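Encoded as structure tokens, the structure appears first; notes follow it.
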Amino acid sequence: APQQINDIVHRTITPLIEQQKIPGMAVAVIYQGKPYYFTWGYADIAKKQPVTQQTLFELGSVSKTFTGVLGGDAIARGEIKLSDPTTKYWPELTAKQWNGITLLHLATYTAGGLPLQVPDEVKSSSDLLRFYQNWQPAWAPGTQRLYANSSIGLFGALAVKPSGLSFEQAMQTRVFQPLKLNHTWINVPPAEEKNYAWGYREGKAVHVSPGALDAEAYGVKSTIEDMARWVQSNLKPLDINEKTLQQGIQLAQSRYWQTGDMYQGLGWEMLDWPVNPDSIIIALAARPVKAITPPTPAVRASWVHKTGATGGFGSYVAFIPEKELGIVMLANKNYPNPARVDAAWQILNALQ
Numbered sequence: 004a005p006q007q008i009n010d011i012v013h014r015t016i017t018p019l020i021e022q023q024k025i026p027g028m029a030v031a032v033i034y035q036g037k038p039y040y041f042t043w044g045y046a047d048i049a050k051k052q053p054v055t056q057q058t059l060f061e062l063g064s065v066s067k068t069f070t071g072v073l074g075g076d077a078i079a080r081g082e083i084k085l086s087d088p089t090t091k092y093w094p095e096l097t098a099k100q101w102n103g104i105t106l107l108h109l110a111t112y113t114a115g116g117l118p119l120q121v122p123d124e125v126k127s128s129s130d131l132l133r134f135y136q137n138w139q140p141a142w143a144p145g146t147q148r149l150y151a152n153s154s155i156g157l158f159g160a161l162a163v164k165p166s167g168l169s170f171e172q173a174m175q176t177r178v179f180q181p182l183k184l185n186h187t188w189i190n191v192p193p194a195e196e197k198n199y200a201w202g203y204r205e206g207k208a209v210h211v212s213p214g215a216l217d218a219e220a221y222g223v224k225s226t227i228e229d230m231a232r233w234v235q236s237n238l239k240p241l242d243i244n245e246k247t248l249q250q251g252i253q254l255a256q257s258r259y260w261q262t263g264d265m266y267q268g269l270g271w272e273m274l275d276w277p278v279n280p281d282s283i284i291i292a293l294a295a296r297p298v299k300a301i302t303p304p305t306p307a308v309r310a311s312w313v314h315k316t317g318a319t320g321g322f323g324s325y326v327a328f329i330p331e332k333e334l335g336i337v338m339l340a341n342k343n344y345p346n347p348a349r350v351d352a353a354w355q356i357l358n359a360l361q
């Protein structure tokens, strides 16, 4: 690692860890396309296990980028179309409010106010159908954006139906395997538990709890090496040999809607680069959206990013395609989003 990268990373993260009381953290900087790794602290405080390049962290909502790319791949394969009605892949959804709601609306949180969380009471397949049938939109489709797990979560579930594979099998075979993310999991196998960090919430060790559409919305666990590979794949999709996956990655970084200075892709969110650091910057935030008709194909001069959290973890990924630059920050404490973005910007701005 060039001393320059070493210095900006350490000078930025050391203080972050101190100020936020983060138990353990891993960071990857992709510079001129090559990855440089950094780790600090503990994966498990009680057992004194250090964070290493093999430690698994819960990605939380950064998992939505995988769902958006898997969806992009199904589109490229001709299995689904974002313009299709939700009812085409779920005929049992007969309630009238669903008329006009398309897979694009689900994927981009513009269905009309689907809730941030699926209630804990919802578990079985019949429970889920009931939940969506009973939901009453606050708004017409494609008029307001409300970030929601029950929205992109349903998109992920429907998107894999034509394939005949479960969401986990589809993700493994169409995304993880092709990209060689061999230590990325929806369900952590027993063989890999020795590497699964504990998350910390109010000092207590915790792992994410099972929930409906958890795989689709916030259930991926990964290492800093595999996430660095994920960032490189998204920085240069053309190097990817699998044709539909290469295309899927590109579809996920297309700009479908605009709210303020930000653009909504599939999972990924983007802003034009150069970005005002404070512009990159609440339990529920409903914002009107302007449709980008037709969507803008992935713009190289973009700050592409996604924040993620679970009760015990906090993650952040951001990259700038035009500069072959990127960063992944994984931590086992859910600390403020502004602090993650401030650190990422400080590091990437210094190397750009």
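When the letters of the sequence shown are read in order and numbered with the authors' numbering, they come out as residues 4 to 284, 291 to 361. We put the CB at the ideal spot given by N, CA and C, even for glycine.
- For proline 38, DSSP records a beta bridge to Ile33.
- Across the structure, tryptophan 93 and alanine 162 are spaced so that their CA atoms are roughly 11 Å apart.
- Contact annotation: the segment 345 to 353 touches the segment 8 to 20, with at least three C-beta pairs closer than 8 Å.
- The residues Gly63 and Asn343, in chain order, have a CB closer than 6 Å to that of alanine 318 in the same chain once the five nearest residues on each side in sequence are set aside.
- Its chain contains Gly71, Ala255, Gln256, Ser257, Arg258 and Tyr259 as the residues whose beta carbon lies nearer than 7 Å to that of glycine 268, once the 5 sequence neighbours on both sides are disregarded; these appear in chain order.
- With the rule of 3 Cβ pairs closer than 8 Å, the segment 161 to 175 does not count as touching the segment 129 to 137.
- Assignment of beta-bridge partners to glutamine 261 by DSSP yields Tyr266 and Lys299.
- Segment contact: the segment 44 to 52 against the segment 143 to 156, fewer than three CB-CB distances shorter than 8 Å; contact not assigned.
- Assigned with DSSP and collapsed to three states, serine 166 falls in coil, not helix or strand.
- Going by DSSP, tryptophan 276 is part of no beta strand (DSSP E) at all; its letter is neither H nor E.
- Within the same chain, and ignoring the five residues on either side of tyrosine 34 in sequence, the residues whose Cβ sits closer than 7 Å to its Cβ are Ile8, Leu334 and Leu360.
- Contact between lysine 67 and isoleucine 189 does not hold, since the beta-carbon distance rounds to 13 Å and is not under 8 Å.
- Beta-bridge pairing by DSSP links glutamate 272 to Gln267 and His314.
- DSSP places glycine 63 outside any beta strand (DSSP E), giving it a letter other than H or E.
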